[PDB]
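K.L.:
Quick one: structure below, then a few questions.
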Amino acid sequence: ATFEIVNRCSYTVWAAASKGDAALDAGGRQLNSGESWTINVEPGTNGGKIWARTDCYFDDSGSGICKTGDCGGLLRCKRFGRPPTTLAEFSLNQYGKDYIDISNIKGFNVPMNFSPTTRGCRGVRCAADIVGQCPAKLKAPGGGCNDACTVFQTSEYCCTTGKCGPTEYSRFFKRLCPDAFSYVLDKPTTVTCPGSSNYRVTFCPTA
């Protein structure tokens, strides 16, 4: 499928696309305010993720660091990024259809809109100012708003026993962004799209 990753934020971010054990397309790229990055994610891609990284510093070899969403210090990500990271999640060509969602399970760093550029389904969005409203204990010193699992490492927040319920912290993310997963067992906000649909991920959609 084809994804256009657009940065509408007034400042540069560093986009990243990965399925965990490898990079999607180039994997990562610098995106200045207003720039667009088109990529082709191989069909059949399961567990793909697209996100933004903030305050990055890379040398000529694509090696460095970012304050949010850093992926092993590489410009071109081969792995998922370090929280907090608003996540555009998706799986393509699964039993004839695709499904997408936005997740705050790994925290929030930048507002986002994840929508299809073809027909057959609607998009999802989480454009509230979660960083600005972030509770003191979840505020990431490097910028962003950490999820409770990242901050406290408990079975409840991380839902490690496969059994957990909503929490005061997950409720913060759910209240500001109803259409995004607030915790692991959150009521699905997944959207089912026709197989092989195309999409556009927009950072700071309401800017």
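K.L.:
Test of understanding: among 180, 207, which residue is of a type in the set (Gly, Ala, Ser) and within 25 Å of residue 41 (Cα to Cα)?
P.N.:
Step by step, each of 180, 207 is checked, and only 180 is of a type in the set (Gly, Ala, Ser) and within 25 Å of residue 41 (Cα to Cα).
K.L.:
Ok, one more. If I go through the stretch 42-81 residue by residue, how many of them are in a loop (DSSP other than H, G, I, E, B) and surrounded by fewer than 20 Cβ atoms within 10 Å (Cβ to Cβ)?
P.N.:
15
K.L.:
Being closer than 29 Å to residue 12 by Cβ, touching a residue at least 60 places away in the same chain (Cβ under 8 Å) and touching a strand residue (DSSP E or B) at 6+ places or on another chain (Cβ under 7 Å), is that true of even one residue in the stretch 145-165?
P.N.:
Yes: one or more hits.
K.L.:
Criterion first (more than 15 Å from the chain's Cα centre (by Cα) and farther than 19 Å from residue 111 by Cβ) does residue 45 satisfy it? Lay out the reasoning, then the answer.
P.N.:
Values: more than 15 Å from the chain's Cα centre (by Cα): yes; farther than 19 Å from residue 111 by Cβ: yes.
Taking the combined requirement at face value, the residue satisfies it.
K.L.:
If you don't mind, there's one more thing I want to ask. From the set of residues in the stretch 82-114 that are in a strand (DSSP E or B), buried (at least 20 other Cβ atoms within 10 Å of the Cβ) and of a type in the set (S, T, N, Q), which is nearest to the chain's Cα centre (by Cα)?
P.N.:
Among residues in the stretch 82-114 that are in a strand (DSSP E or B), buried (at least 20 other Cβ atoms within 10 Å of the Cβ) and of a type in the set (S, T, N, Q), the one nearest to the chain's Cα centre (by Cα) is 103.
K.L.:
Sticking with this structure for a sec: Return only the number of the condition from (1) surrounded by 14 or more Cβ atoms within 10 Å (Cβ to Cβ); (2) part of a loop (DSSP other than H, G, I, E, B); (3) of a type in the set (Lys, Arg); (4) in contact (Cβ under 8 Å) with a residue 60 or more places away in the chain that residue 125 does not satisfy.
P.N.:
(2)
K.L.:
Sticking with this structure for a sec: For residue 170, work out the one condition from (1) more than 20 Å from residue 90 (Cα to Cα); (2) touching a residue at least 24 places away in the same chain (Cβ under 8 Å); (3) surrounded by 14 or more Cβ atoms within 10 Å (Cβ to Cβ); (4) not aliphatic (A, V, I, L, M) it doesn't fulfil.
P.N.:
(2)
K.L.:
Which residue pairs have Cβ atoms under 9 Å apart, sit 6 or more places apart or on different chains, and have a first residue in the stretch 70-82 that is without any contact (Cβ under 8 Å) to a residue 60 or more places away in the chain and more than 21 Å from residue 145 (Cα to Cα) and a second that is of a type in the set (A, V, I, L, M, F, W, C) and buried (at least 22 other Cβ atoms within 10 Å of the Cβ)?
P.N.:
The qualifying pairs are 76/16.
K.L.:
Further question: Only one of these is surrounded by 13 or more Cβ atoms within 10 Å (Cβ to Cβ), small (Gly, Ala, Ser), in contact (Cβ under 8 Å) with a residue 60 or more places away in the chain and not in a loop (DSSP other than H, G, I, E, B): 26, 16. Name it. Give the steps one after another, and end with the answer.
P.N.:
Working: 26 fails: in contact (Cβ under 8 Å) with a residue 60 or more places away in the chain.
Exactly one residue qualifies, and that residue is 16.
K.L.:
Here's something else I'd like to know. Out of the stretch 134-162, which residues are over 15 Å from residue 182 (Cα atoms), part of a helix (DSSP H, G or I) and not aromatic (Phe, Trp, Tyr)?
P.N.:
Within the stretch 134-162, 136, 137, 155 meet the criteria.
K.L.:
Kindly evaluate residue 170 against the criterion of being part of a loop (DSSP other than H, G, I, E, B) and out of contact with any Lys or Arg (no Cβ under 9 Å at 6 or more places or on another chain).
P.N.:
Numbers: part of a loop (DSSP other than H, G, I, E, B): no; out of contact with any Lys or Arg (no Cβ under 9 Å at 6 or more places or on another chain): yes.
No; evaluated as a whole, the condition is false for this residue.
All of the numbers you see were taken from the coordinates with simple rules; none came from a lab. Cβ atoms come from the backbone with ideal geometry, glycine included; neighbour counts cover every protein chain shown.
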